[PDB]
Amino acid sequence: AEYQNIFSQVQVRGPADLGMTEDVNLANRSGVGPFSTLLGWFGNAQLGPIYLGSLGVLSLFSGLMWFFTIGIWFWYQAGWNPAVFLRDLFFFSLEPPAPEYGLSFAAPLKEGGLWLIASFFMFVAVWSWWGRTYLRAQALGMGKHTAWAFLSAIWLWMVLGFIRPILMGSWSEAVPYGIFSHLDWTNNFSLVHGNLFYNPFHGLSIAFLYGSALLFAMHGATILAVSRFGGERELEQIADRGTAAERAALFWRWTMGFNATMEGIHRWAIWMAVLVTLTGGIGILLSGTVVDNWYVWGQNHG
Amino acid sequence: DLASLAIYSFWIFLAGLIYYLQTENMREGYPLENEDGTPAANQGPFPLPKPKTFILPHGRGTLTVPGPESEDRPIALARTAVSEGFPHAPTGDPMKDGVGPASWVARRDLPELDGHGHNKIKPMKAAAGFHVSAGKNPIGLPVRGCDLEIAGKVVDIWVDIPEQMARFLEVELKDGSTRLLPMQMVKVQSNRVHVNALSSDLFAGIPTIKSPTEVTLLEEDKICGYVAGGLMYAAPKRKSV
Amino acid sequence: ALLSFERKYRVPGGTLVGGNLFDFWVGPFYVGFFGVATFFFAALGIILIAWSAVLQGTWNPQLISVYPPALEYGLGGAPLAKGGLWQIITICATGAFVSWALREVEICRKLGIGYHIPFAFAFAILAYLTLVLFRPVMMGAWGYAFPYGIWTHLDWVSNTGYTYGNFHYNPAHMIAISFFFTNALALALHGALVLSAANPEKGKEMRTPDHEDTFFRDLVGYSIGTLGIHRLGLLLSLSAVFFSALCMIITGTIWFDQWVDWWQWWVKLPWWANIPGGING
Ligand code: BCL
Ligand code: BCL
Ligand code: BCL
Ligand SMILES: CC[C@H]1c2cc3[nH]c4c(c3C)C(=O)[C@H](C(=O)OC)c4c3nc(cc4[nH]c(cc(n2)[C@@H]1C)c(C(C)=O)c4C)[C@@H](C)[C@@H]3CCC(=O)OC/C=C(\C)CCC[C@H](C)CCC[C@H](C)CCCC(C)C
Ligand SMILES: CC[C@H]1c2cc3[nH]c4c(c3C)C(=O)[C@H](C(=O)OC)c4c3nc(cc4[nH]c(cc(n2)[C@@H]1C)c(C(C)=O)c4C)[C@@H](C)[C@@H]3CCC(=O)OC/C=C(\C)CCC[C@H](C)CCC[C@H](C)CCCC(C)C
Ligand SMILES: CCCCCCCCCCCC[N+](C)(C)[O-]
Ligand SMILES: CCCCCCCCCCCC[N+](C)(C)[O-]
Ligand SMILES: CCCCCCCCCCCC[N+](C)(C)[O-]
Ligand SMILES: CCCCCCCCCCCC[N+](C)(C)[O-]
Ligand SMILES: CCCCCCCCCCCC[N+](C)(C)[O-]
Ligand SMILES: [Fe+3]
Ligand SMILES: [K+]
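Residues numbered from 1 in each chain as written, not as in the entry; some residues may be left out. Chains lettered and ligands numbered in written order. Heavy atoms only, no water.

- X-ray crystallography is the method the PDB entry states for this structure, with the resolution given as 3.00 Å.

Next comes the structure, spelled out in structure tokens:
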């Protein structure tokens, strides 16, 4: 074959790349980590360095406090036996308080409290990480698209675990921490709400999730396809259109009749993704708060 | 009903959003032209956006799209039909003229700079502390064309410093001069580098670089274009294998 | 009408079939032999659907549904109103999708680009051909395929999944899902990263790729790079689909019971198989 440029043929290495400074507090950056020749065939071999200020410490620590609130429960559920822990790992589940305790924090560690503790810790972990996604942009002088994009994910998560259960009167309505239990939660949610295939927002959510696979396949294929003309260098192609931008645009124009610009594809990209969890979040928030049965709703709303 | 307000609003927004998205993607190559280069009649329902201005780094001006669109270079083609929609035949050598898959855009005649104002791409001899780190090192390997003839020898890899990757092989020719072959159009093999796009005799033809330790964006486009066109325009001399 | 930069590219050449016979465009669209193949197949595909519509008795796109043949028919042909049309509309669809791919290869050839797009698309065609050919052939009837309707196809998806309990427990399908979600994460991030560079804080100059890496290395300790990420999206999204195809090709053929029960293999490995305590002892 011609090279397909999925893996590289020759790897080069030079001095460790410590990064642009702009306004970043370098006191809070780490040193380079190892380089991985293996990663090198596909992407960059360099690991690190990592910026880790006071908000990162808060986020990771809080993040671990989560993964060990659950863990403790799981080991406990295994009766401390590692053989059982490993065997039943996917069956263990930290479950939220019963419906009888409503929105109260008054519920016993063994039957809800540990769930609330883990939820507290996760809420601190994610939000703190959010601030990070902003501040790291800020310190470099860059746009806030990442933070705004992330907020879309955060939305769906917030609806599932915090907003919807609050608007329904009980923590019991939230998802449990557990591999199989959360899949069972998901299924029984749809069953209880009339089959979520009847929820128009769920429908859109699917259109965008699939569409994200469609778009990134198109886009990634397209850049790889024009990489013999410098395609991946998208920012300098934005500032100074090259034959790579033009051949990419014209492939698509001649195939489907219309086309992107080199900055513009990334606006289709950011939105196709972001609209998955945006629509989905709306879908769920309405479920059981405004609409009990989406089949039934469907019958009376086209 | 709130679900109905929600869904109906959303479709409105998605409409507006698609509108926005589509106009943002008309920032380049519009307005549409007829084949003679004049402004076309039917443009489409979407207007050209209000223009935006990029501030380029490193003192390199700005770019303000959409704007007055021009190839800024002459196009050696001629109609083959008496009406719209047919191919335009090269009037000379498409490869030497830069047309079709040999096309190049008239980008700036300076090199892409990295985040510290330094040429993004340098020959590896000039890029301090860069070396081949895995894979077969091609420096020294002979270069072979699709006519199964020796075109040259590889004499250096030209690397992207900030991205630490190979971007070209610099290849020395029968007469001592060198040429950049885009790395994506070569096959490094145990005992040779094989270039399939070009035959041995078309290598001299590759656009050269005014300065031996840098490539400008213009020259990149010319070389990349030249090499790609070979696929089409050198297929007579392309032996099967 | 043509893009401001387009004519130079509209040279003759690159067809796979018919030489110059169909080497022209209509408006922005390249025709070519495979344009004509596609038009032919879509056209007849659509007529035959309107034909199925007439005989169901409806013209509403939310009601029109071309159903495959009753399982009775096995892998044979059924008559037109009772299974055939779906059979022939599937011959048109695959014709049309495969022709579209080969048209994309002609466009690539004219444009001197790589063939990544059409190869990628091929994966989507295969997922489709798993649901309507490989899976129905291996099971033994055209009936196991999904029917062409906006809602009726979703009816089939639910039915089919529930036949195996909660389909979540299909392990190929867990891998599939994780790829779709990660892909969507990767798109979000890539979109956002380039745009944050193109579109920096007010008054500030465009950023550089070094800023994109520095961003991500600051955030998560790694940067895959600008070639990397395009390799990544392509890999994630094509992986998502390949596992989608796999998770169905195995279902109802090599595994046909409740997927939840499949996981007993792990629960019963002989070392922990009988240790008391836990969920399963
Ligand atoms: C969306 C509707 C349902 C739901 C339905 C489903 C279904 C259906 C499925 C999943 C599946 C998954 N779900 Mg779920 N899921 C929901 C909500 C969630 C939430 C959440 C917090 O809201 C989480 C965290 C998960 C988590 C997961 C994963 C367990 C699994 C694959 C996820 C994935 O692709 O991630 C994105 C991919 C990533 C790579 C991000 C993760 C990266 C991590 C955090 C980084 C690793 C760093 C490493 C440790 C560094 C160490 C360095 C030091 C030096 C030591 N689900 C909601 C409630 N989910 C699938 C599964 O296979 O389950 C078994 C599946 O089939
Ligand atoms: C039988 C089951 C029901 C059903 C029940 C549900 C329910 C319930 C939900 C979905 C939702 C979705 N379903 Mg559904 N779904 C069904 C059938 C399908 C089918 C199909 C082929 O049949 C498909 C393709 C989908 C697809 C989808 C998605 C479009 C959507 C989730 C988007 C997403 O990215 O979430 C993933 C993204 C997140 C969860 C955001 C997470 C962000 C946070 C901040 C990350 C935390 C990181 C953590 C701290 C670290 C990681 C740790 C490790 C991974 C453990 N469904 C059937 C009808 N589905 C969701 C939705 O939007 O509905 C409207 C939802 O709530
Ligand atoms: C109750 C129902 C069951 C269930 C039962 C099933 C069944 C059954 C199936 C899936 C399949 C899938 N499910 Mg499951 N699944 C469930 C829950 C979920 C959840 C969730 C969040 O709970 C998620 C995220 C998913 C995710 C998924 C995906 C991995 C996969 C669908 C994508 C795919 O196959 O694309 C592949 C893409 C295609 C087939 C698209 C083909 C496009 C072709 C090539 C071109 C057509 C062009 C067109 C005609 C052009 C029109 C004209 C133009 C517009 C001009 N499932 C629930 C529990 N799921 C499917 C699968 O894996 O199939 C292989 C499948 O069959
Ligand atoms: C359009 C919506 C899509 C989306 C978007 C999205 N997600 C995002 C973003 C965006 C735009 C981010 O910016 C953010 C990000 O940073 O990505 C790199 C994020 C993110 N999306 C994530 C996950 C995620 N996203 C998902 C989904 C989606 N995200 C959607 C498809 C999903 C699912 C369920 O499908 C998951 C699981 C995270 C990778 C990241 C947010 C990270 C976060 O909030 O972290 C807080 C948690 C922790 C700090 C705990 C982790 C700690 C580790 C175990 C390391 C420990 C280090 C320690 C020093 C060592 C300890 C060893 C011993 C001493 C004990
Ligand atoms: C492999 C990864 C992903 C992917 C990739 C992908 N798709 C692609 C490409 C690529 C790389 C293209 O180049 C090509 C394109 O042109 O994109 C703009 C394409 C394409 N992906 C498309 C759709 C599509 N992709 C999907 C999915 C995916 N595509 C994956 C997630 C899905 C779904 C369900 O998720 C759909 C609907 C088309 C927009 C386009 C292919 C267009 C095409 O082949 O057109 C020729 C045929 C016609 C115009 C008419 C066909 C009419 C038939 C004769 C009758 C209809 C039969 C049909 C089966 C009935 C459907 C009923 C439904 C209610 C279920
Ligand atoms: C898909 C994620 C990739 C991570 C690991 C990649 C390893 C592949 C290496 C293959 C290329 C090696 N070689 C010598 C054949 O070029
Ligand atoms: C009600 C809170 C909802 C947030 C989503 C929680 C679901 C995540 C389940 C992941 C599995 C947990 N664990 C420990 C097994 O990894
Ligand atoms: C930003 C890209 C735009 C993507 C196009 C989305 C098309 C929507 C498909 C409609 C299905 C939804 N519904 C309500 C019928 O369930
Ligand atoms: C799902 C529908 C997508 C179809 C998009 C096709 C757009 C092609 C437009 C070609 C006509 C040119 N125009 C508008 C200037 O007349
Ligand atoms: C998410 C679905 C995609 C919808 C596509 C809508 C864009 C059509 C743009 C056609 C006009 C462009 N044109 C012909 C002037 O070049
Ligand atoms: Fe890109
Ligand atoms: K050196």
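1. Quick notes on the interface of chain A and chain B
Buried accessible area, meaning the area lost when the parts come together, often serves as the stated size of an interface.
No. 1: Contacts between the two partners involve 56 residues from chain A and, on the opposite side, 76 residues from chain B.
No. 2: Counting the surface lost from both chain A and chain B, the interface buries some 5300 Å², and carbon and sulfur atoms represent 56% of this.
No. 3: On the chain A side of the interface with chain B, the three residues burying the most area are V12(A), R228(A) and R233(A), jointly 14% of the side's total.
No. 4: Counting every contact that joins chain A to chain B gives 6 salt bridges.
No. 5: One salt bridge connects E232(A) with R167(B), and the closest N-O pair in it is separated by 3.0 Å.
No. 6: The interface formed by chain A and chain B includes 27 residue pairs in polar contact.
No. 7: When residues of the side of chain A that touches chain B are traced back to their parent elements, those giving at least two are β1 (11-13), α6 (200-225), α7 (234-239), α8 (243-256), α9 (264-286) and α10 (294-299) of chain A.
No. 8: The dominant element in the side of chain A that touches chain B, judged by the number of residues it contributes, is α9(A), at 9 residues.
No. 9: Its residues placed into classes, the side of chain A that touches chain B shows 26 nonpolar, 16 polar and 14 charged.
No. 10: Bridge analysis of β1(A) against strand β6 (residues 131-134) of chain B gives 3 bridges, and the strand direction is antiparallel. If you follow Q11(A) over to β6(B), its bridge partner there is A134(B). (Contact = heavy atoms within 4.5 Å. Buried area = accessible area lost by both parts, 1.4 Å probe. Salt bridge = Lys/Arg side-chain N within 4 Å of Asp/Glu carboxyl O. Polar contact = N/O pair within 3.5 Å; in protein donor to acceptor, adjacent residues only side chain to side chain. Helix = DSSP H or I, 4+ residues; strand = E, 2+ residues; numbered from the N terminus. Nonpolar A, V, L, I, M, F, W, Y, C, P; charged D, E, K, R; others polar. Pairing = 2+ DSSP bridges.)

2. Looking at the coordination of the magnesium atom of ligand 1
No. 1: If you check the protein contacts of the magnesium atom of ligand 1, you find one donor only, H182(A) (NE2), at 2.2 Å.
No. 2: Examined against the element boundaries, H182(A) turns out to sit in helix α5 (residues 179-192). (Donors = N, O, S within 2.8 Å, 3.2 Å for Na, K, Ca; no water.)

3. A word on the coordination of the potassium ion (ligand 12)
Residue and element names in this part refer to chain B.
No. 1: In the first shell of the potassium ion (ligand 12), the protein supplies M124 (O), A127 (O) and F130 (O), at 2.7 to 3.0 Å from the metal.
No. 2: If you list the donors of the potassium ion (ligand 12) from N- to C-terminus, the spacing comes out as M-x2-A-x2-F.
No. 3: Since its relative accessible area comes to 11%, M124 is described here as buried.
No. 4: For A127, a relative accessible area of 4% puts it in the buried group. (Buried < 20%, exposed > 50% of the residue type's maximum accessible area, 1.4 Å probe, protein only.)

4. Observations regarding the UniProt feature "transmembrane region" in chain B
No. 1: Mapped onto the present numbering, the UniProt feature "transmembrane region" falls at residues 2-21 of chain B.
No. 2: When the span residues 2-21 of chain B is considered, its composition is 100% helix and 0% strand, and the gap between its end C-alpha atoms is 28 Å. (UniProt positions renumbered as here; feature names shortened; annotations may be inferred.)

5. Notes on α6(A)
All names here are of chain A.
No. 1: Taking 1.5 Å per residue as the helical rise, α6 with its 26 residues ought to reach 38 Å, and the 36 Å between its terminal C-alpha atoms agrees with that figure.
No. 2: Counting buried residues along α6, 19 of its 26 residues qualify, which places the element largely inside the surrounding structure.
No. 3: Its side-chain oxygen 2.7 Å from the backbone nitrogen of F201, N199 forms the N-cap of α6. (Expected span 1.5 Å × (residues − 1).)

6. Let's talk about the domain arrangement of chain B
Residues and elements named next belong to chain B.
No. 1: Split into domains, chain B comes out as domain 1 (2-106) and domain 2 (107-239).
No. 2: Between the C-alpha centres of domain 1 and domain 2 the distance comes to 30 Å.
No. 3: Counting each side, the surface lost to burial between domain 1 and domain 2 is near 1300 Å², with a carbon and sulfur contribution of 65%.
No. 4: For domain 1, the biggest contributors to the area lost against domain 2 are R60, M95 and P101; these three give 51% of the whole.
No. 5: Along the contact surface separating domain 1 from domain 2 lie 0 salt bridges. (Domains from an automatic or database assignment.)

7. As for the site of ligand 2
No. 1: For ligand 2, the set of nearby residues contains 25 residues, the closest of which are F197(A), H202(A), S205(A), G280(A) and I284(A).
No. 2: Here a nitrogen atom of ligand 2 and a side-chain polar atom of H202(A) are 3.4 Å apart.
No. 3: For ligand 2, an oxygen atom lies 3.4 Å from a polar atom in the backbone of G280(A).
No. 4: When contributions to the shell around ligand 2 are tallied by element, the ones reaching two or more residues are α3 (113-140), α4 (145-167), α5, α6 and α9 of chain A together with α4 (152-162) of chain C.
No. 5: Broken down by element, the residue count for the shell around ligand 2 peaks at 5 residues, all from α6(A).
No. 6: Taken together, the residues of the shell around ligand 2 break down into 17 nonpolar, 8 polar and no charged.
No. 7: Domain assignment of the residues forming the shell around ligand 2 places at least three in each of domain 1 (1-143) and domain 2 (144-302) of chain A. (Near = heavy atom within 4 Å.)

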